[PDB]
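*Asks:* give me the fold of what follows.
(chains A, B, C and D)
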4 protein chains.
Amino acid sequence: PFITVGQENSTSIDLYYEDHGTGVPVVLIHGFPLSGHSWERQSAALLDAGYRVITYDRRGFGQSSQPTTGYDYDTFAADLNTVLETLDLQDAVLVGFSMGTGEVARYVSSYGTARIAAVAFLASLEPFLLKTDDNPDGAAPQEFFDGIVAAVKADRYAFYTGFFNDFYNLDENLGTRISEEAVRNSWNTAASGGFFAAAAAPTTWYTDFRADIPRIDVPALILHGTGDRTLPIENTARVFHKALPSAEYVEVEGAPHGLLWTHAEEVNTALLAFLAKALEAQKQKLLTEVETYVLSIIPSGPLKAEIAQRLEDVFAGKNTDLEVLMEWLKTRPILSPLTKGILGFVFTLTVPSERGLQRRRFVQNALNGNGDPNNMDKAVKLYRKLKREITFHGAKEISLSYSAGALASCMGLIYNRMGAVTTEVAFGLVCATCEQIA
Amino acid sequence: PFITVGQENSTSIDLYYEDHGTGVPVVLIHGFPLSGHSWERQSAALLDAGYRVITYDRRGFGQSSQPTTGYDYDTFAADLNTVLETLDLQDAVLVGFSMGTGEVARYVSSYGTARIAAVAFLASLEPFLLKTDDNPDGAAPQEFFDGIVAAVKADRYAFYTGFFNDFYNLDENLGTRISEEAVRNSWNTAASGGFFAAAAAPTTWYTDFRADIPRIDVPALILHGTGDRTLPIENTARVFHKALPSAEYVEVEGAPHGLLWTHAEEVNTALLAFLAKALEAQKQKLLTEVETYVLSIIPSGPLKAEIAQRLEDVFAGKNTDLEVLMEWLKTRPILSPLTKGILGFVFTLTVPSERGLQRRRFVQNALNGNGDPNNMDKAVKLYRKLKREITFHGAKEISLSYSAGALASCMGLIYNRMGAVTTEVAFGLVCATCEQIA
Amino acid sequence: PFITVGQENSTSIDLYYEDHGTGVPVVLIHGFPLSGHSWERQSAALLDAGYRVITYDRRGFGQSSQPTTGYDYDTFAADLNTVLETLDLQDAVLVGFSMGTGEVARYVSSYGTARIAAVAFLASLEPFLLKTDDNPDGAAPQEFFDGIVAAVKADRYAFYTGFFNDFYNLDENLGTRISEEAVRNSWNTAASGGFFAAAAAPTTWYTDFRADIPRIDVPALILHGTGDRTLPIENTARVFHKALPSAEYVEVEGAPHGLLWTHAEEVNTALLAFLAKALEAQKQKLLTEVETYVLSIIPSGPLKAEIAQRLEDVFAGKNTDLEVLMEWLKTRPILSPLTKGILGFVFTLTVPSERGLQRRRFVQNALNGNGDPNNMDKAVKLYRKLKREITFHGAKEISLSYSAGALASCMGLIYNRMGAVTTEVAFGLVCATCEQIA
Amino acid sequence: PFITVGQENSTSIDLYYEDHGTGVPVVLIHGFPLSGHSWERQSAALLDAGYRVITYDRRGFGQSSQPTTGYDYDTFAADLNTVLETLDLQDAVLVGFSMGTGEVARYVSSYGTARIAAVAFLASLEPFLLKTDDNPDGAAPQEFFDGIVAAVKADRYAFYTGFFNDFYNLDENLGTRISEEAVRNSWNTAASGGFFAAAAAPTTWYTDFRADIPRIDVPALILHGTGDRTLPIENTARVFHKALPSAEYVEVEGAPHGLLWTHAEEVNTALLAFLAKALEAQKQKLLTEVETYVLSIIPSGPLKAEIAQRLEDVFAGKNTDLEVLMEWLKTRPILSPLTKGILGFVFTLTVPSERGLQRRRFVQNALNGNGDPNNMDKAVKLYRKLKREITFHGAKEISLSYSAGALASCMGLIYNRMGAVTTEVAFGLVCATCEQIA
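*Replies:* Residues are numbered from 1 along each chain as shown, chains lettered A, B, ... in the order given. Structure data below:
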């Protein structure tokens, strides 16, 4: 999987990326000198939570192309933009690490937050690493960074074993937090990166992000290890917190630079808690929007109030039994048979608890749609398009070009387990079905 | 509904007919001077038993056209042939009444019994009505029949009231077995017949059928009323029974000529019992044929013996619970998931007791067929053709031109209640599904 | 005249129907156990009023085919749907009686009101006949209806004479409101129905229509007799009125179930008055909408005020002469030739009084539309397309994909031959033409 | 080299594969957690024997894409199917190892054996690994496998070194059977796999294959090491041998799981011997079947004996010259001109040694078939269909619906330009041609 973000002579600058899971898109940007595969502990935890994990390899690292030009944050953010634009993400989450934290800051301060819902800074570079007369809060003078560059060009491979010794704090965590095998893979990944990239990357570390900090208008998370040797916490996160007090500040005690692996349990807890708070504000306003379309089929009466409560008590996450709901939904005098099926179909997608039991029949007969051969044929044409779709807005638009009978029958195909589209797309059908019946 | 069976000048000789129900085709041939609608009590009883009732109106009577030529049993049988050939009936049952009994007798001695399974003669004309020197066992001389023709040509409408007085024995059964209203409708039917038909029909009553009797090689049923005034029992059924001793002989006590309405309860019981005996020999040979194809998917072993027993215990009609069956079918180690669905699909079609309950899931997952948009699309094209089909052999041949994945998906459409074909066509799918997996 | 609406085995389910008169389509759906001919008193009055009467026979009744399957309102509405779709009816009125009220209700609640302008319920079944614990407002328990079913299967012909005694109240109205001959004919119709239909029809009377009632968004008329014996007014219309208060409610005192014949003068008066009222409401609601678009092309000034008064005085029905109007319209200083044509085109479609005189020339010269060969060609392509459209909103949409000059030229085509298209469709062009010049 | 087999969100599921050599296609399916390159010792031996080696990397392993969905044998077989269909393999050989044996079993039991000639199971999973109450022949309960899954997500890299310790038996074979360098690379391959794949793959090990076993109708080879630590021989191959006794059973003494490298010499010898034996049996089973049909056209006499020996001397592989054969075939007294052509047609398809003869003329004149314009046209309709056919039974059935003259002319099409079609399909025409002349 590749995304063209540039061009170098006869070759094209392509970035390797992965797109897994369904839900809120979370973009994970790795740091020096690893690849996208270094998020493998965070990806798994986010996928279990129900998020959409999107990781990519930076130019000159991992499985991505290895150009010899465009190694600055204006280009790195530009590359990030192209990735976000191609996948067309809305209300996504940018999570950066080490060198990766710089790309997030430069993008938000240059391209806005039209696509961003929240941000997270793990072991940040912010606000400035270069120690000058203007900022004593730097970590080192220019003579230090220049020494690293000369060391890499000397022997890039030998530099890694010594670098990773301070990256994971092997004298404290090896065999404990991180195995010797895990260190070997991290070495292999760095060696499979661009030779010119590893020599040009350190020259981007001392970039000034001070002008970009106050441009953060989205919920932020500043996280850093206390035992970080590569990036001293006192020269980074401590002064970053002062520039952005509104950001959630979390210190992991006794954590090295590569705390993505060593202190994964610690990072994931603070990260899942941050996402659960900032995204919850957005999560509920779409659920009521679904509730809006569903209630637009219920006739005004005492039931429209009761049905709304049965939905809201489920949308929050309060425990509810399907047997009571499906039976009360069945024995309803005012509700038409068609809308009974749609409500039962929603009730099945909103409750995690199937009870490991049978299927219902009153909904199957409603979602049949008169069993017309030509109307049902237009339902399988829809199923092919819904399997290829990913977003909520994408599913609604496609299933709005089909007849009302087709949508019902298409809802029948997925309910009778003759298909398997995503949860975001599943709601896209219902909301499209309800708009047509007006 | 009409069937062209002839041609007269500028007009075409068409016969009105009806085709109801599914199962063993039973052709009901009415008598003088009523129509096919006079079987409405036998039709209802035959439809509840699970047979396929096919009734048609004879030329010059009922809703059929009213020609002035071709009023003989050689033509009447010829018309019956065209109907049987057009509808393409196999192993059908010919049931005649009054004048109608002559057509059944006349058809069998000319076209064979390739399409006939059994015959039934209610108030027959056989073997001869004309009392001559060759047969003293006649019912009347030529002078009697000639008197009837002259009576009809005098006043065909007035002839009916007097005719129906002895047809239903109104001096005995009026207000008891048959209402005056039912007689009125019977009058209306006779008055809406051909004027020339009613005058030519009696000339066919004294037709000799003695050469046609021994050509009957199928199980027959001779039934007649004892109080029959139009057709004296001693001159018809009594000597008919001697000519064909192998036929089941049943006399209804105190029954008039029109015993189709008056003694319906008596007739329906004797007719269904006769049908239940002659048709049962064929009923079981198709069930074992389904069993034959179904067993061709089960791998040879101890289960193939148990599954055969599970099929036979259901096909006979012994009470069985689906919950035990569906669970035992589910928890089977050797059976593949695909064949589990087919067995469950058969088990659902063979037991009348759904318990008014839910559907099963292990079969739904098997009949999915990998949920491919193109494979499922080939399943709905089949469903359109299966709704229009009627016979078992017809359903099998059509659904044998489609892929195995389509058949599985098509079985899924009907199982998930997204369609509703007949039991005979349902087995046609199963038998087609099992033939392709070989 | 027949319309194929289904398929049963070898036979095709066809429905007999009649199409008389020209004007606003009024579909009359009869009840049990009569035919379309039972509207013969309402039909004559509607034909005299200038409407288009369309009556059809329900499956299993009258001259229609007599199948043994599909006896439910979902099917009855489906048959109704097929009739409405096949005939391509525009702005029609659905009027039901007895069972016919159920077909109207099931259709509106399943297929919408895209083709429906108004509805009428004469002696309705709504909302529920089955008296249960959930609904005490029923008329009888299921044991009563089952007694009816058993009575029909006993002697369908004899059942009719007793049924019609309470249908028309013969012990009260015979020889007065209804003759003995009219009763005799009604019997023949019932006797000419399906034997299976009459035994299956009563099981549809106790169908729940409570879920169908609130889907009624068109002007309705609930009418019922007070002396209705078959359908008690207190168990039907009284509780129906509560479910739909917006419907005009009219009770005929001392009227039986079959009030279509006995109190014909009263019904016809109330029905014609309701249509004349309800259609006037739509006639006027399109005229004020047209006035909005027409005044949106006239430049603000004293004339934009004067033109509005001349329009309102015509739309209301105040007497006006075209000669003064058309001449005063000609000698107008501010109005462009194009907009002069639009006003003249409206004036010809809005006044019933043409005086039986000539056409005008200044508008024909105005409706040319610059005489562009490509614009005029798109106008004849349009005139063919406007004939297949039905709604006002439908007419507007088609004529919105063409240039303003083409619309003007298309208005000339309609000006020369109207019409073809209808006034409701004609205004769709005008409102679209004035909308394009913005 | 990649083959698109699926779709995940924005990315496409592609599989890395290699295609080497020419001849009988041999598909090598690797196991957990290696790649296709682990066959490098088996690949070399198969390429020397004259086979066509086709290896691919399972989704989530090796150089193939790394999705987070579709990790089950139903999907794995589907992927294998897509590979076989895209490459269009006919009479291929499926060889599986570890997880690969499951893919072979699931494919044969789901997609049939139309493309498969023989199968081989090296260190199989069959029939069941999960030890339950239903199957005591398991190796471990579910609690064991769940411990492995938790171990991978803990530290996937460290898990490998311990896994390979029992995979190759490093406490027994290190420095002996397998070098330290070879172990490092095997680690690298596993480390270059999907992080989610390695955590999801073990959950597929305890899959039930008991329903897939009896669908094996092709010659099989069950091979397993005695010192296998990962897959206990007593819980796999031993009970598998009982389920499929017809399969060749071979135990390698003191061989670990990864006996592909350690005991390469033993495996390669036994595998090449099985293929050389099993394919020889079918090649010959088509030759004797053709010989059966060919001798059925020759009249009984000395030639029918002579023709059989000339065939047998060819079927065995004894050197024979065509010039003598084609000339001796010409100068034959009993044989008709028609049958001379058919014999010459067989002789060209059976000898690898063409002798450097362009083609013969006496057969071309024989295969004309009277040169009828309508008959040659029926030969090209067949020729287009035989190219799309793959199997022997498929070619025979199609070419049995044509006249004998058409088959001859069709044989002429194949005789001048073969081919297109293949020899297995070529014999299908011949066997059909000789069968039609009877």
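*Asks:* A strand includes residue A:304, no?
*Replies:* No: counting by DSSP: H, G, I helix; E, B strand; the rest coil, residue A:304 is not found in a strand; it is helix.
*Asks:* gap between it and chain B?
*Replies:* Separation of residue A:304 from chain B (Cβ to the nearest Cβ, to the nearest Å) stands at 29 Å. Where you see a C-beta, it was placed from the backbone N, CA and C, and this is true even at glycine.
*Asks:* how far away is that residue from chain C?
*Replies:* For residue A:304 relative to chain C (Cβ to the nearest Cβ), the value is 11 Å.
*Asks:* is the closest residue to that residue other than its chain neighbours in a helix, a strand, or coil?
*Replies:* Closest residue to residue A:304 apart from its sequence neighbours, by Cβ to Cβ, 6 or more residues apart in numbering or on different chains: residue A:298 at 4.5 Å. Classification of residue A:298 using three-state DSSP returns coil.
*Asks:* need the contact list for residue A:298.
*Replies:* Applying Cβ atoms under 8 Å, 6 or more residues apart in numbering or on different chains to residue A:298 gives the contacts A:304, A:307, A:335, A:339.
*Asks:* emit the ChimeraX select command for whichever of those residues are buried.
*Replies:* Selection of the buried residues among the contacts of residue A:298 in ChimeraX, burial being defined by 16 or more other Cβ atoms under 10 Å in any protein chain shown:
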select /A:307,335,339
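*Asks:* look at the spatially most distant residue from the centre of chain A and give its secondary structure.
*Replies:* Taking Cα atoms, centre = their mean, the residue of chain A most remote from its mean C-alpha position is residue A:333, at 44.2 Å. Going by three-state DSSP, the secondary structure assigned to residue A:333 is coil.
*Asks:* so what's the residue count around the residue nearest to it when sequence neighbours are not counted?
*Replies:* Closest residue to residue A:333 apart from its sequence neighbours, by Cβ to Cβ, 6+ apart: residue C:210 at 5.2 Å. The number of residues packed near residue C:210 is 19, by other Cβ atoms under 10 Å in any protein chain shown.
*Asks:* which residues touch residue C:210?
*Replies:* A:333, A:334, C:127, C:128, C:135, C:243.
*Asks:* which of those are buried?
*Replies:* A:334, C:127, C:128, C:135, C:243.
*Asks:* so the fourth one sits in a strand?
*Replies:* No: counting by three-state DSSP, residue C:135 is not found in a strand; it is coil.
*Asks:* that one and residue C:235, how far apart?
*Replies:* Separation of residue C:135 from residue C:235 (Cβ to Cβ, to the nearest Å): 10 Å.
*Asks:* what of the second one?
*Replies:* The span separating residue C:127 from residue C:235 equals 10 Å under the rule Cβ to Cβ.
*Asks:* and for the first one?
*Replies:* Shown here: residue A:334 relative to residue C:235, a distance of 19 Å by Cβ to Cβ.
*Asks:* does residue A:93 count as helix, strand or coil?
*Replies:* What three-state DSSP gives for residue A:93 is strand.
*Asks:* list the residues that contact it.
*Replies:* Contacts of residue A:93 (Cβ under 8 Å, 6+ apart): A:24, A:25, A:26, A:27, A:116, A:117, A:118, A:119, A:120, A:275, A:279.
*Asks:* what bridges to it?
*Replies:* Beta-bridge partners for residue A:93, by DSSP bridges, are residue A:26, residue A:118.
*Asks:* return the residues of the stretch 201-350 of chain A in contact with chain C.
*Replies:* Taking Cβ under 8 Å from any Cβ of the partner chain as the measure of proximity, the stretch 201-350 of chain A contacts chain C at A:299, A:333, A:334, A:335, A:336, A:337, A:338.
*Asks:* wait, the fourth one sits on residue C:214?
*Replies:* In this case it means residue A:335. No: counting by Cβ atoms under 8 Å, residue A:335 sits too far from residue C:214 to count as a contact (10.0 Å).
*Asks:* residues contacting residue A:310?
*Replies:* Contacts of residue A:310 by Cβ under 8 Å, 6+ apart are A:320, A:325.
*Asks:* ok so, going back, which residues are in contact with both of residue C:127 and residue C:235?
*Replies:* Common contacts of residue C:127 and residue C:235 (Cβ under 8 Å, 6+ apart): residue C:137.
*Asks:* could I get stretch A:76-95 in CSV with only the CA atoms?
*Replies:* Extracted in CSV, the C-alpha atoms of stretch A:76-95 (Å, rounded to 0.1, in the frame of the first residue of the first chain):
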residue,chain,number,x,y,z
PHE,A,76,7.0,16.4,6.3
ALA,A,77,3.7,18.2,7.1
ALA,A,78,3.0,18.6,3.4
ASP,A,79,3.5,14.8,3.1
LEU,A,80,1.2,14.3,6.1
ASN,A,81,-1.4,16.5,4.4
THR,A,82,-1.4,14.5,1.2
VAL,A,83,-2.0,11.3,3.2
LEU,A,84,-4.9,12.9,5.0
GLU,A,85,-6.4,14.3,1.8
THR,A,86,-6.1,11.1,-0.2
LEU,A,87,-7.9,9.0,2.5
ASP,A,88,-10.1,12.1,3.0
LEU,A,89,-10.3,11.9,6.8
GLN,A,90,-12.7,14.0,8.8
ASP,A,91,-12.3,14.6,12.6
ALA,A,92,-9.3,12.4,12.7
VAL,A,93,-6.6,12.1,15.5
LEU,A,94,-3.0,12.9,15.0
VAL,A,95,-0.6,11.1,17.3
